[PDB]
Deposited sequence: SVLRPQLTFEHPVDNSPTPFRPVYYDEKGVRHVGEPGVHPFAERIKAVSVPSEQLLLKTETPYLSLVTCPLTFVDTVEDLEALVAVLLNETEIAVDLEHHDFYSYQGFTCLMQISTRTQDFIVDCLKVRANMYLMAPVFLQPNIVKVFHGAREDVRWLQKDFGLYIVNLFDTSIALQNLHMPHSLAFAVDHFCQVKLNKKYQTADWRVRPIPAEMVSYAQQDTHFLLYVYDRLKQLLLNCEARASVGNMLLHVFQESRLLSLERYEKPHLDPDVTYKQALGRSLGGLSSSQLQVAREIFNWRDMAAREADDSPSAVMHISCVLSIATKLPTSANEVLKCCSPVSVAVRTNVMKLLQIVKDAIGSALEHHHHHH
């Protein structure tokens, strides 16, 4: 990879096999250091009720035209601050996040999309990453409903990257599940707005700056229709209290905590290699486990995902073939990565030690 935004981070990411410890800010902008296995706003979220006017049967406010709708790309602190001030006047906002996971161990949030009743925003989470805590007054606000579609990943990403926590989250995917119907975003936007979403950039590289026009359009359309979908879902839940239930299930989701990826040195390799372990000798299983565990350690050290360090087929290839020279380790898996070529002797020592260990 050309891009490596982690190098620009104000604080280096801790990929160590130790529990995640949150560093978060309150609505006053006061920094706090949290505790492992403790969500720092659990007592707040459990003590906060859904705004009563948000449980009333109301008429929908249509989404605007994409042609004349204001779109703002926010990538400075002042711009982020001005946006936060705009959001503190709303009773509901639509939020989405774009993420990167290949050239990062834990992964990091790349972009944040926000739509209000009258406009759209795209926030550069990479550029203003160190200042995202300024959004806490909005995300902690009990009178502001934060609408997300399929918030399981988002809730954790907000915590991992920014120390951001949602008070009065409403998940539109949970709403669709409770109505017993298809619950993807593309489905919701098509069923209520009669618009077909792009889907082309679902797997794009969100680290690219500048963001091309088509990607800006994709990012904007992910939240632009969401408050209308929210209005439509409220009406459906109020007649056939089910609306209240969805708010209660959404609150339970906002109570989830981010947990760093865990390497179980005796389990994870089995889960990733599965039935491919069949037909391997005791020594080949030892090399399979040991190299997979090396791969994870190297990924944590280089701040890359295990797949960026070495393809899984390459782990199986070394386990099967048992290479006994540096060149044989290199030749085992044709597209030789940078991490593998530099630690070729350590991978070779794993093989040599496993065939040495038994016979």
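### Message
List the gaps, meaning deposited-sequence segments with no CA coordinates, ordered along the sequence.
### Response
Residues missing from the model, as numbered along the full deposited sequence, span 241-247, 367-373.
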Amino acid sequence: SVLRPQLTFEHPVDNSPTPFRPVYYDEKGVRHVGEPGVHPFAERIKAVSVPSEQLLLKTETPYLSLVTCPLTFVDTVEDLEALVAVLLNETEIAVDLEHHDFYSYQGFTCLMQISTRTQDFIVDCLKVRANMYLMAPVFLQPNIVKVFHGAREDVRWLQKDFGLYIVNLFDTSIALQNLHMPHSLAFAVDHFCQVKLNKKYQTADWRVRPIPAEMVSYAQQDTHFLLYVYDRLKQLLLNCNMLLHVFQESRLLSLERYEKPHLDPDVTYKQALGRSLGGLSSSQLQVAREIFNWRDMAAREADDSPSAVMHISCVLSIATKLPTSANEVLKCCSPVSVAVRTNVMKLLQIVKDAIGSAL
From here on, numbers count along this sequence of modelled residues.
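### Query
Which is higher on average in the deposited entry, the C-alpha temperature factors of 114-122 or of 268-276?
The deposited B-factors put 268-276 ahead on the C-alpha mean.
### Query
Of 194-202 and 175-183, which one has the bigger average CA B-factor?
It is 194-202.
#### Entry: Residue of maximum C-alpha B factor among 220, 143, 239, 254, per deposited coordinates
Max CA B-factor in the entry, restricted to 220, 143, 239, 254: 239.
### Task
Go through 299, 69, 42, 319 one by one and give the residue whose Cα B-factor in the PDB entry is largest.
That would be 69.
### Message
Quick check on the deposited entry: does the C-alpha B-factor of residue 25 sit in the lowest, middle or highest third of its chain?
### Response
Lowest third - that is where residue 25 ends up once the chain's C-alpha B-factors are sorted.
### Task
Sort the modelled residues of this chain by their C-alpha B factor and say whether residue 127 lands in the lowest, middle or highest third.
CA B-factor rank for residue 127: middle third.
### Task
Using the B-factor values recorded in the entry, state whether the Cα atom of residue 99 falls in the lowest, middle or highest third among the modelled residues of its chain.
Within its chain, residue 99 is a lowest-third residue by C-alpha B-factor, going by the deposited values.
### Query
Would the CA B-factor of residue 262 place it in the lowest, middle or highest third of its chain?
Highest third, going by the recorded CA B-factors of the chain.
### Message
Using the temperature factors of the C-alpha atoms in this entry, rank residue 246 within its chain: lowest, middle or highest third.
### Response
According to the entry, residue 246 has a C-alpha B-factor in the chain's middle third.
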